[PDB]
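Just so it is clear: chains get the letters A, B, ... in the order the sequence lines come, proteins before strands, and each one is counted from 1.
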There are 2 protein chains.
Amino acid sequence: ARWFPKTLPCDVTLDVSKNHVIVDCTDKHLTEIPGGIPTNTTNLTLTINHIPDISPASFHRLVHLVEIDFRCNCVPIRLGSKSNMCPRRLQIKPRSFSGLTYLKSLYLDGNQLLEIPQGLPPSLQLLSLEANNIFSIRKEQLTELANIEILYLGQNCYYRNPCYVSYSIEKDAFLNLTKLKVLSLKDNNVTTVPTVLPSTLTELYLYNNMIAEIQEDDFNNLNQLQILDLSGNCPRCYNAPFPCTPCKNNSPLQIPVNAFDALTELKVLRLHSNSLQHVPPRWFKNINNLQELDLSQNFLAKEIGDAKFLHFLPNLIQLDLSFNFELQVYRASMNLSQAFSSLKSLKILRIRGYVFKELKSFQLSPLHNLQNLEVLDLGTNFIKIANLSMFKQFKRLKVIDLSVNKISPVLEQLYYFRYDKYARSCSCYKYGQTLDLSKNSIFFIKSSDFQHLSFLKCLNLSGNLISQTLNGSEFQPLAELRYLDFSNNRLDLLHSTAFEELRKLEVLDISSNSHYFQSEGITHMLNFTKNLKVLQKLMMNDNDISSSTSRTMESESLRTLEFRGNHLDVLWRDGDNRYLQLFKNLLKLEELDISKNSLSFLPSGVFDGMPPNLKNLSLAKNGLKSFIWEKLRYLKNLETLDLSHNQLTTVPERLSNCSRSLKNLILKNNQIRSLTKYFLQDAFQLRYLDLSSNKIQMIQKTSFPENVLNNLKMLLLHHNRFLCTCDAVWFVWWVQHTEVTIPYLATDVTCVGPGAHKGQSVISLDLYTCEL
Amino acid sequence: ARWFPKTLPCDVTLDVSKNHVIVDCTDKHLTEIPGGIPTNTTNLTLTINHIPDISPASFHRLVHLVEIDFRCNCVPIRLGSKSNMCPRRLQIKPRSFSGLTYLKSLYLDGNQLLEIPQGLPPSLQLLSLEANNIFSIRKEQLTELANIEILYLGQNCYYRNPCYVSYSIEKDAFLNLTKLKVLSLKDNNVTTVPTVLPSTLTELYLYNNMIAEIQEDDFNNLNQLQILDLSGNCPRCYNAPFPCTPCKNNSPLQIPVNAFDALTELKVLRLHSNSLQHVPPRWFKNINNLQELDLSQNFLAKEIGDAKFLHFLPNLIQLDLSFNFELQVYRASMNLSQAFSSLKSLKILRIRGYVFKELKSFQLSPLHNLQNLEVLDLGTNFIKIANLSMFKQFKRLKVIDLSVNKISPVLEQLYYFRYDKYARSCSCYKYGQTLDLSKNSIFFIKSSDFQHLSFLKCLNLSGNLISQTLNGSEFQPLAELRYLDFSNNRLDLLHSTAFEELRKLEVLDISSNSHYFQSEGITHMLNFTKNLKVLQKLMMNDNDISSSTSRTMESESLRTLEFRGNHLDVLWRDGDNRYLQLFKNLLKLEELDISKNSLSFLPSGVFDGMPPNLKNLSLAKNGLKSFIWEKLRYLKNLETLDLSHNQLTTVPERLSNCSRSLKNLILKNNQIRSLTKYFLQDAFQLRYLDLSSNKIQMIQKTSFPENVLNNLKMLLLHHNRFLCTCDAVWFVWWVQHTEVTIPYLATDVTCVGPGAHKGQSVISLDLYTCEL
RNA sequence: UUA
RNA sequence: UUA
Ligand SMILES: *[C@@H]1O[C@H](CO)[C@@H](O[C@@H]2O[C@H](CO)[C@@H](O)[C@H](O)[C@H]2NC(C)=O)[C@H](O)[C@H]1NC(C)=O
Ligand SMILES: *[C@@H]1O[C@H](CO)[C@@H](O[C@@H]2O[C@H](CO)[C@@H](O)[C@H](O)[C@H]2NC(C)=O)[C@H](O)[C@H]1NC(C)=O
Ligand SMILES: *[C@@H]1O[C@H](CO)[C@@H](O[C@@H]2O[C@H](CO)[C@@H](O)[C@H](O)[C@@H]2O)[C@H](O)[C@H]1NC(C)=O
Ligand SMILES: Nc1ncnc2c1ncn2[C@@H]1O[C@H](CO)[C@H]2OP(=O)(O)O[C@H]21
Ligand SMILES: Nc1ncnc2c1ncn2[C@@H]1O[C@H](CO)[C@H]2OP(=O)(O)O[C@H]21
Ligand SMILES: *[C@@H]1O[C@H](CO)[C@@H](O)[C@H](O)[C@H]1NC(C)=O
Ligand SMILES: *[C@@H]1O[C@H](CO)[C@@H](O)[C@H](O)[C@H]1NC(C)=O
Ligand SMILES: *[C@@H]1O[C@H](CO)[C@@H](O)[C@H](O)[C@H]1NC(C)=O
Ligand SMILES: *[C@@H]1O[C@H](CO)[C@@H](O)[C@H](O)[C@H]1NC(C)=O
Ligand SMILES: *[C@@H]1O[C@H](CO)[C@@H](O)[C@H](O)[C@H]1NC(C)=O
Ligand SMILES: *[C@@H]1O[C@H](CO)[C@@H](O)[C@H](O)[C@H]1NC(C)=O
Ligand SMILES: *[C@@H]1O[C@H](CO)[C@@H](O)[C@H](O)[C@H]1NC(C)=O
Ligand SMILES: *[C@@H]1O[C@H](CO)[C@@H](O)[C@H](O)[C@H]1NC(C)=O
Ligand SMILES: *[C@@H]1O[C@H](CO)[C@@H](O)[C@H](O)[C@H]1NC(C)=O
């Protein structure tokens, strides 16, 4: 169909709307800019390659470029690969960019540059030089950037990329940049706010530096500033997972009371990890628009009990006061000031790491009439006691987070403790009201524990110690609960009445409850599903289930069952017929995951035993060594079959003769060495075929008829063992001239032989010598 | 060194003392008996091959054979591989064995034989025919076995290898076998004890059959019997993990009261899973020598409270009454009869699965004066309450087992519930008194819990719910404890005083206590080791440790640290020097396991950071992509280095220049494609080198000097990519003629090329054309 | 590949 | 391979 094969090792996209020709060569092991890049190219990405230099030749023809992304072709030693250390810094020749009249964005982050590159065109709006070795900014080097709006200069001097001196910025270096909106100088070992800065700034990032003092006029002319981040100047260093040097005598960052007086437009103020002991009300006198305030990782425990400054923040949406506890103190109570009640617009309040023994209803009374409050995060507080009934006065909330506490009768895993959570690289909430009790010490539960919480839509009990024989009495008040996460407990399914009181339960997660399934002679009633009349989804992954008192699971409602990481190999021991119908009476089941069940083979009766509307079956990662393909005829509604990461060596003689319904066949990471002669013949239903990471040498036309290939949304063939002899003439031609989407066609569809052509892409292969 | 290359694909051993020539061809993918088996061969093993027949040709020359092991060359469909099903049963021609005048043992198990093979020589003492299809035994077929002493006929008719009829044994079929000592007819669907049996029997195995009734004279003449097993006739089938058919009418196996009167010599009586409700004293009237009695999986709950039969068993060493509970009953107490106190010789008492709520001191009073009691096993009883101080009256015991209970304030994983625990295939006790509390519901511990248990040498708390901040007050009474297993709990290392009260602790296991290490901003005091002055071995595997409040671990005593499955990659993040000395002050440390820590590289300073006496270092399974071999020079006492399952592509230019001490280098499962020119030159200290499962093409003599190779105890080279051209002449010759042990030389040391020689063993490779 |  |  295609007249000219695409040989270029980069993804090319067209967006004729926004008038872009997008060439993405991210991570293609390039040592040169590839030849033959389209002349109409507008966005060119060469991130993560080993191109040692740029010159006038680099972009000679590419005069329509609006964006070059040339990040991480020489990333600093400590940040980059140790197995492929860049030997010498990126070399930028004179006149390399001055021809690109239309260039609006240039990313040269992570190239070990020593200086701000010169001869940039006046069209440039965005320049990024993060993770280089530029630690002295001179006015003279910045004249070329007259029209610049966004300037990223961070991560040029810090523990992962040191310069061993203080950062230098000439007086007024940036003042003549009259269009500058965003300046980032984070993670740079800066000692003072550089002045004077242009009044056109909207965003100023000065975090993770060595600034001990703010002068009262440092921010004087910045009447357009919207975002200010001064975090990590005078850090709180307790349990820091990076090298952390506080200011002497554990002094706070010193901020005059009138330092923010000009910032009428400020929306975000971040003062994380500044060792603050006091938040003076006077700070917020002329900021009436402040929406987000981060005061996490300070020493504001006392202040939280007083907090007069809150009276000046009626427009605040987000407040973060996490990790303000006094070292070596375990308070009895949380003392929230009445001033919290003036936070009229507050949607989100986080106070992790206050560290207190007992949470009581009254302590939260300042929050009672906050009409817009949506999230209350009291995680990581080592709370031992809480009457959960107190949250009956918080029905309007979307999330109550008591995660990581010590109670007994979505932010990243590292968040409050990472160095730079905004650093650039080279869930049941949607069901309604959520009470997150994950990672507590709840060993026993009873109905009264949930009195007055009938409004709850999701309860998270993951990672507790719950070991009891649930009999259906434990959750009686939770009449509206749609989602229970009971993973990482110690469920004992002695009673088939477990969970039946949750009459509106749609999703049950009982994954990683393997404990009692690990000892012989214990009763397990897997038939507990019968009572849950609206259950849609059941997850029982990683339970190590190798035995069951009940022979069948039953549901009229269940659509999805995850049964990964169990021992169906033992339940279906060849010769034992008793569990061959375990899932058959799940009448509405469409999706079954029985990956990771050590099924090295499937006994006969398994497919017959499957429920009638099964659509999506995974048998991945089972060490399957054999498969009777014909048995797929019992799965009359099968559409998706995942057999990835097994040991299959052969495909069926005629797939169409095995299933009338099959659309998506995943066979990646198997041991397949050849395709059968008529493999895909008349498989009119097929739409997706993954044959990647096998050991295929040859594919002949008979296997791959064009009336089937041409309905495929995608065909994966990469990481095989293709033999590029004259025998392969058809496959080589076809691959070169097909419209069919085949990912990695240029990069990992490769000849392994013979000799001459070893390591060569088949897309690039010239076989004229087969045709003389 | 060797004059004639060993080409036979079997391991050949000499024991010139016992005059044996032992040829072991186990699992060598043979379809033929190999030619050239030594003529002096005495023991020939051909287990697990696909040899389709035996004939007079098979053993023509092998006239000194005393033992043929020809098991599992055609194992029944349900028992064998589904990816390589034996197509047709093993064919044994007339006259195949009649020439083997000296043959004493013939194993033909698992070959799908239909009949007992005839023409066996009169020398035969042992014949094994398990897992065949022989389910009718006729006197006529057994005349040839005049001299036979051991006959295994089991697993010829059961659920995994069905015959679909009752087993048939002719009247008196075995009587004329006047030397028969051991008869096994287990797992055979036998319906009556065959009679009459020879009086020379010492062992009779009739378990897992369909025998409903013992006739009073079935065992009349068996005055030499030592072992009788009638288990699994009328099985107790609750929660059975195999298909289990009880006798109708809930009947027990019916044994007349005088059935054992003749068995004066009986030592072992096994009546497991016979649905017994009563144990009549009259059974044991003329058995005064009985040492082992298994009454597990019956219905003897009531009987345990009475048990008059015990008065007749003063010589009994082992009593097992496990799994006798009445279905649907949860007793308050254990009612042990006073008759237990007459068990004068008892060393081992097991009563798992009695199922009761509360254990109290008095309930065990019948055991108080059993002077030789060594093991009391009360596991899997769902006990909720036990004052552990009761065991102060059991100081003399070696093991108190309360594993798998419900307490709160070595037998195989499947044992009582497996079909045939004696079926043939094709720990802290040694420290002294052990209290095993593993797999209970203990969420909190205090010193008083251990009052009066000062004698304990090992405590097992594995798999409890212990979540507390141990401050060193919790185990105060346990002044003699040498071994604490605290794995699979939720250790919170807030206090560096944790465990310090255990002044004699030699082994601490705190593995799989990952819970609190998974959440940011939690204090962990890894320096807690300092206070344990005699600690030899610390295991803290799978703790997911990625952060630590202390920078160094300290011990004067510690020899072995297991730190597998943690996040040293995070602790040693490039640029962070703070934890590079974490193990340095473990001054006597010899063994460090830091496998599975995602160390894709080692920062410089890690080797310098190692303690000075390190002998055995594992860096396995880290995804290591690079390794500065020269830095091994800091490890002046290094003997074993395990770098298995990594991504290394190169070896050092000269290993001797890296380490003077290194004896054992494990490099298996890496990506190594060639060896350096002088790799092993002058590395005379080397004794073990595993280079298996790499991608090596060539090895030249310069890399592999013979003055080093020859003193290797072992050299592993299998599963590489060897190219068998004239360039490989040296390696091929050396491999063919070396004394040095190289495993799998016959099976997986293979040429991948070129063309001709692909898939061929290098041992078998003829390279004469390289020498014309 | 008799569990 | 800026976290
Ligand atoms: C940030 O700048 C500081 C101080 O300006 C640097 O600290 C100096 O480092 C040199 C070389 O290591 C030492 O000889 C001096 O003792 C240090 N001076 C002071 C006053 O501390 C520091 O290296 C810089 N940080 C980074 C990460 O580059
Ligand atoms: C070689 O074959 C002989 C004959 O089967 C084996 O000797 C037997 O070993 C058992 C072990 O329990 C002894 O108790 C018996 O007395 C021996 N039987 C006979 C008939 O002599 C010998 O062990 C075999 N050796 C090897 C390594 O396979
Ligand atoms: C043990 O012997 C049984 C008979 O005593 C076998 O049961 C028979 O099975 C056939 C059909 O397969 C029935 O139609 C017939 O009524 C009879 O009861 C049983 O299969 C056998 N056990 C094994 C494991 O082979
Ligand atoms: N707390 C408990 N947890 C699990 N099983 C229990 C408990 N109490 C009694 N059992 C009984 O133990 C047996 C094995 O699980 C099982 O048989 P059952 O009589 O049906 O009740 C049960
Ligand atoms: N049970 C507990 N487990 C862990 N930390 C606790 C506990 N109770 C109070 N803390 C305090 O939480 C902090 C982070 O772990 C830690 O620093 P600290 O102030 O010394 O005391 C502690
Ligand atoms: C192309 O470049 C322009 C300007 O830098 C930018 O706004 C646009 O997002 C880019 N698109 C892509 C997909 O790179
Ligand atoms: C809360 O703390 C503030 C300031 O530390 C203090 O003045 C106030 O009295 C405290 N209130 C309670 C209820 O402890
Ligand atoms: C919890 O608070 C509620 C008030 O909503 C009350 O009914 C109940 O008694 C309290 N429970 C406990 C254990 O204090
Ligand atoms: C429950 O909390 C756990 C751990 O804190 C988290 O992994 C999980 O995604 C949460 N469950 C849901 C359904 O959001
Ligand atoms: C589950 O199985 C058992 C029999 O094994 C039965 O008593 C029980 O009622 C079943 N439960 C349901 C909910 O169907
Ligand atoms: C099939 O199920 C898997 C879950 O294993 C899911 O990720 C995938 O999208 C499903 N595909 C279809 C077509 O439903
Ligand atoms: C498979 O092919 C044969 C012959 O073409 C035909 O009899 C049989 O019905 C086919 N089965 C299916 C499911 O198409
Ligand atoms: C403790 O018990 C556990 C769980 O049964 C077992 O894995 C482990 O071997 C025991 N530990 C010791 C030291 O015996
Ligand atoms: C462990 O380290 C901490 C400081 O990080 C210190 O307070 C404590 O005393 C140390 N304990 C021991 C036994 O070394």
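- A/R160 comes within 4.0 angstrom of the backbone, heavy atoms only, and of no base.
- Looking at heavy-atom distances under 4.0 Å, A/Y158 makes contact with sugar-phosphate atoms alone, never a base.
- Base contact: A/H50 has a heavy atom under 4.0 Å from a base atom.
- By the 4.5 Å heavy-atom criterion applied to side chains, A/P52 and A/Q91 are not counted as neighbours.
- In this structure, B/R573 reaches the sugar-phosphate backbone alone: every heavy-atom distance under 4.0 Å involves primed, P, OP1 or OP2 atoms, never a base.
- For RNA chain D, the span of nucleotides reached by chain A at under 4.0 Å from its heavy atoms goes, 5' to 3', from D/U1 to D/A3.
- Cation-pi contact between B/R424 and B/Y107: absent, since separation from the ring centre below 6.0 Å together with deviation from the ring axis within 45° is not met.
- Residue contacts shown for A/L79 are limited to sugar-phosphate atoms, with no base heavy atom under 4.0 Å away.
- Under the ring pair (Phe, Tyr, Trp, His ring centres under 6.0 Å) criterion, A/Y419 pairs with A/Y158, A/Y159, A/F242, sequence neighbours left out.
- Counting only N and O atoms by type, the side chains of A/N622 and A/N646 include no donor and acceptor under 3.5 Å apart.
- Note on A/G110: nothing from the nucleic acid sits closer than 4.0 angstrom, heavy atoms only.
- When the shell of 6.0 Å around NZ of B/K28 is examined, it contains more than 12 heavy atoms from other residues, nucleotides or ligands.
- The ring pair (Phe, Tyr, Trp, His ring centres under 6.0 Å) search around A/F323 returns A/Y416, A/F417, not counting sequence neighbours.
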